[PDB]
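Just below is one structure, and these are the notes that go with it.
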Amino acid sequence: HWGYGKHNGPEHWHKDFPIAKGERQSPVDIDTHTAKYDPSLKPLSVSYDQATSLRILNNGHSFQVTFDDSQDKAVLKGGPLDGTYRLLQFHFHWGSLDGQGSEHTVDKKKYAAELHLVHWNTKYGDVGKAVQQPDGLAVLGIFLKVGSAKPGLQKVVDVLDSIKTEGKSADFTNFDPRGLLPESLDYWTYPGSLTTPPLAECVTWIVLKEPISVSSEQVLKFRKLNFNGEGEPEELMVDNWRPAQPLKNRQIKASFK
Ligand SMILES: [N]S(=O)(=O)[C][C][C]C1234B567B189B21%10B32%11B543B645B786B917B%1021B3%114C6571[C][C][C]S([N])(=O)=O
Ligand SMILES: [Zn+2]
């Protein structure tokens, strides 16, 4: 069973998921001087006004907020994408201390955490079919730095005590993911993969340039979660990030100059 530890972490994943050593793996370091501005890229369209959150879940690798994706209610379009991508869930990756936790890096800089909003292409009908396609998923990645609190995150932080251990879930209705977005939608994009098993090469990554700020108290609550199930030896859910992978033959494009 895969995880983030010494004996089951990212360096081991290739044994069960040989695509881990593939040609389009994520995350990557974003070298800002090498990314080329592409004036043909569109502004990203984020349409979250009718989002319907359902549940919050500790899945043993992160916590996630899940949405109703049975209609086009919370969709990502434009940017580098062709067609319409439905929001399925968001989750986070974070560190044991504020100097690590992000998956993507920017000129080798690591952020305290990274938010991923996972969307799937409606042309494939369901997420399981979408993960088998090179353009099946679009993940919107947002960096978190520690400073001022993010008010729109607090509803999330306040229920984490109720999902401490793997398999726990709770009702989480009426959560508005617009409250997690930075001002600017300027972004980098590149073709990549899921950053957890099965590591499928199905993702168009859209990584926002502008981080959000969260407070030390907010991130400390992330770090009280447990990788373990209830009753098992307590292992803080921290450092649940895959390191940067080889860029290989890929170009990172910037939406901005
Ligand atoms: N039919 S199926 O089980 O392959 C569908 C998998 C859907 C997933 B998988 B689960 B669902 B979707 B895909 B990966 B893991 B959970 B979500 B992405 C998941 C976790 C985040 C991967 S990341 N960090 O690249 O956003
Ligand atoms: Zn993720």
Side-chain angles (χ1 to χ4, degrees), residues 2-4 9-10 13-14 16-20 22 24-30 53-70 74 76 81 85-95 100-105 110-144 153 156 163 166-167 169 177 180 187-208 211-212 219 222 225 227 237-245 250:
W2 68 268
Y4 292 92
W13 295 349
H14 72 96
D16 271 352
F17 305 97
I19 202 170
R24 60 171 279 186
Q25 290 289 292
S26 295
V28 299
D29 182 59
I30 303 168
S53 64
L54 294 172
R55 305 287 294 173
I56 192 171
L57 168 67
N58 178 332
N59 59 28
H61 314 283
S62 185
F63 71 89
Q64 70 181 76
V65 173
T66 309
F67 291 75
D68 175 12
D69 63 346
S70 74
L76 190 67
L81 304 173
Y85 289 68
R86 289 188 189 157
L87 180 64
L88 170 62
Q89 55 108 305
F90 68 78
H91 63 272
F92 298 83
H93 304 267
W94 61 90
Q100 60 192 34
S102 68
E103 293 206 311
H104 295 89
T105 56
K110 296 171 164 87
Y111 288 89
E114 189 172 328
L115 164 59
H116 289 161
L117 295 118
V118 182
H119 311 75
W120 55 273
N121 190 330
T122 58
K123 82 189 197 178
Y124 303 120
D126 70 69
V127 73
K129 285 287 190 292
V131 294
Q132 302 176 244
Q133 301 295 342
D135 60 348
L137 277 62
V139 184
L140 179 58
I142 299 173
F143 296 119
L144 281 58
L153 185 59
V156 172
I163 59 155
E166 184 183 6
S169 67
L180 298 174
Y187 64 87
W188 296 283
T189 185
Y190 74 96
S193 76
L194 307 173
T195 73
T196 61
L199 303 169
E201 293 180 335
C202 59
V203 180
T204 302
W205 277 96
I206 298 166
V207 179
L208 296 189
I212 61 169
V219 69
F222 287 11
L225 293 164
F227 283 127
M237 183 181 283
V238 295
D239 295 319
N240 60 344
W241 50 274
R242 189 190 195 191
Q245 302 301 306
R250 293 178 287 176

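FYI, side chains are in, hydrogens and waters are out, and symmetry mates aren't considered; it's all heavy atoms of this structure. Starting from 1, each residue takes its place in the sequence as its number. Atoms within each ligand, like the ligands themselves, are counted from 1 in listed order.
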- Answer with yes or no after comparing the ring centroid distance for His104 and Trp205 against a 6.0 Å cut-off, counting only values under it.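 Yes: the rings meet the under 6.0 Å criterion.
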Handout entry: Ring centers of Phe92, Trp241 separated by less than 6.0 Å
Key =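 So the answer is no for these two rings.
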Which pair of non-hydrogen atoms, one from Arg250 and one from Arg24, has the smallest distance, and what is that distance?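 The pair with the smallest heavy-atom distance is NH1-C, 3.2 Å.
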Please produce the table of protein N or O atoms sitting under 3.5 Å from N or O atoms belonging to ligand 1, one pair a line, distance to 0.1 Å.
unit_1	atom_1	unit_2	atom_2	d
ligand 1	24 (N)	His91	NE2	3.3
ligand 1	24 (N)	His93	NE2	3.4
ligand 1	24 (N)	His116	ND1	3.4
ligand 1	24 (N)	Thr195	OG1	2.8
ligand 1	25 (O)	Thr195	N	2.9
ligand 1	26 (O)	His91	NE2	3.4

_Report the atom name of the nearest N/O/S atom of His116 relative to the Zn ion (ligand 2)._
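Of all N, O or S atoms belonging to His116, ND1 is the one nearest the Zn ion (ligand 2).
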Any side-chain donor paired with an acceptor under 3.5 Å for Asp69 and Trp120?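 On atom types as modelled, these side chains qualify, holding a pair under 3.5 Å.
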Can a donor-acceptor pair be found between the side chains of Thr66 and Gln64 at a distance below 3.5 Å?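 Yes, a side-chain donor-acceptor pair sits under 3.5 Å.
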Q.
Is the ring pair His61/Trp2 parallel, tilted or perpendicular, if the boundaries are 30 and 60 degrees?
A.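 Rings of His61 and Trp2: parallel, as their planes differ by under 30°.
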